[PDB]
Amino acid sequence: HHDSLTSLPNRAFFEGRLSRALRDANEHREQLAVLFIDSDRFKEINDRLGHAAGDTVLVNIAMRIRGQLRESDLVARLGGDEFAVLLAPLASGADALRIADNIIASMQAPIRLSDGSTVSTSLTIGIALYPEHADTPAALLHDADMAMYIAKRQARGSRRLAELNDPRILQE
């Protein structure tokens, strides 16, 4: 199924694909990346400007994310302003960073609202590499999830790689 707003698959889909892609990427001794994406200032937008505005921003974000992928990559909508992105196959971690950087830069452009006004926001992106960080869907997902949290907390609108001491940084 694909959500009616943005036409994007849901987590259930995303996990299976990631599973299949992980089994695959293991076999050919190759790399893949998971990106966890959360919009910045979302609640503020809906409060100050209302559902319709929010939805518009979601649709835009969705369009801009897919704008930066290759036919082989996958965007799912987790829920809310939050999306999951599968980057397979991958030449290098560098590549993942670079794509993230482009998704981030994509947001420098303002978003046209239904009344012709304009909002600017950011995304925050946590990135988790295979096989450097984890080797199971659940784990990889979790790691990206956490990296994103840490990123929102450290500086909004940025991308951050999962580190191995991430649970210690979460604890402190």
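The numbering used is simple: start at 1 and walk along the sequence shown.
Engineer: Can you tell me whether 39 to 47 has a higher mean C-alpha B factor than 100 to 108 in this record, or the other way round?
Structural biologist: If you average the C-alpha B-factors of 39 to 47 and of 100 to 108, the larger mean comes out for 39 to 47.
Engineer: Averaging the C-alpha B factors as listed in the entry, name the stretch that ends up higher: 24 to 32 or 61 to 69.
Structural biologist: Taking the mean C-alpha B-factor of 24 to 32 and of 61 to 69, the larger value falls to 24 to 32.
Engineer: If I read the C-alpha B-factors straight from the PDB entry, which of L113, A139, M146, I125 is highest?
Structural biologist: If I rank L113, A139, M146, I125 by C-alpha B-factor, first place goes to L113.
Engineer: Could you tell me which third, lowest, middle or highest, the C-alpha B-factor of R153 occupies within its chain?
Structural biologist: Within its chain, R153 is a highest-third residue by C-alpha B-factor, going by the deposited values.
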